[PDB]
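Just the one chain here, the form deposited in one PDB entry, laid out as structure tokens.
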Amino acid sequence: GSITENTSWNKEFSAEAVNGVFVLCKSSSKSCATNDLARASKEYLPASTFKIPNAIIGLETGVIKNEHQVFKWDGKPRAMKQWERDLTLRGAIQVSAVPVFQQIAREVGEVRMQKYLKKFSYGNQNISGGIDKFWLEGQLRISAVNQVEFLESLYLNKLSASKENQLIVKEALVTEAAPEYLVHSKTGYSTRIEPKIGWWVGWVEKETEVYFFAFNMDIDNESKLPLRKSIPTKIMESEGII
């Protein structure tokens, strides 16, 4: 593939006083563009974007039985009201139910989780910091470029997992369906350790083209969180994609 720096996108960041990066890749020409090559290569806690490999590994290992599994709420208070209810696998991914995935990670265990992150070439592959929190406050780091490589492998079923399991997770990641296009995506927000990072990663299928994308930004306060989606959306709109 190739990557090129495109300074024009900076307008959307400048207007918002945002420090951040977008990486957008057109599958047919294996060609990516970024507003910031340096930041595109910087490696940050994945936070809830880790739900993507974690769901695959959960299925691969038999910890998650299948896409019809329901994760029941035990009635104990959770950090968000939206998590205080039974959830499907898709629902637990889409509302970012950390408690559900901490449990999955515990059952997966260190030996197996390490093995998969190596197979997946996932970031620095460093799961230090406790088996249920390493993606949230441990030693794990991944870049925007690595996220797009990973998502392309998933799209093509080239990850070291069954196609069945890859498809289940693909199915779960759909976030917008229109007559002209389909969006798969996942957000993250790293807030336990400095610096505070918001992520939005995914891909768009339009006509017979596929566009993979990864976005991250420094988050000053919770009031900036929507720019996580709105800056990349604006860019993708300006490019005539969505």
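In this text, residue numbers run from 1 along the sequence as written. Take the two forms, find the largest set of C-alpha atoms that superpose within 1.5 Å, and that set is the rigid core.
Separately, the form deposited in another entry exists; it is not shown, and the next lines address it.
Select from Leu156, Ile131, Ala79, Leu167 the only position whose Cα moves 2 Å or more between the shown form and the other one when the core is aligned. Result of the comparison: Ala79.
Determine whether the C-alpha of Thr208 shifts by 2 Å or more between the shown form and the other one once the rigid core is superposed. It does not reach a 2 Å shift.
Is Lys65 one of the residues whose Cα moves 2 Å or more between the shown form and the other one, with the core superposed? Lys65: C-alpha displaced by less than 2 Å between the shown form and the other one.
Superposed on the rigid core, does the Cα of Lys30 end up 2 angstroms or more away between the shown form and the other one? It does shift by 2 Å or more.
So the CA-CA distance for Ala79 and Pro232 moves by at least 3 angstroms in that other deposited form. Closer or farther than here? Compared with the form shown here, the C-alpha atoms of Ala79 and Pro232 sit farther apart in that other deposited form, by 3 Å or more.
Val148 and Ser28: their C-alpha distance differs by 3 angstroms or more in that other deposited form. Do they come closer or move farther apart compared with the shown form? It is closer: the C-alpha separation of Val148 and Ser28 falls by at least 3 Å in that other deposited form.
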